[PDB]
Amino acid sequence: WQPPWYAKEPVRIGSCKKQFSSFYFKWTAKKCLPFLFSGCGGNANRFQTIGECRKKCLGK
């Protein structure tokens, strides 16, 4: 299995100043991992639940 392109982008908290419990694929660990998204300025490697991160980045 190879993950799609967005699951390999670097985690980016972004430019705003709130918090939003999120998950990203740490593609060199092949795990979904929690992180706090700021609310804006992120990238495509972000998911609200861990399942969605597993569905898309692991093919689950």
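Including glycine, each Cβ sits where the backbone N, Cα and C put it.
Annotated features in Swiss-Prot:
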DISULFID  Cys16-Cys40  disulfide bond
DISULFID  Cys32-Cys53  disulfide bond
The one of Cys16, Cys32, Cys40, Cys53 whose CB sees the fewest other CB atoms within 10 Å, among these disulfide-bonded residues: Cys40
Distance, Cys32 (disulfide bond) to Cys16 (disulfide bond) (CA atoms, angstrom): 23
Distance, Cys40 (disulfide bond) to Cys32 (disulfide bond) (CA atoms, angstrom): 20
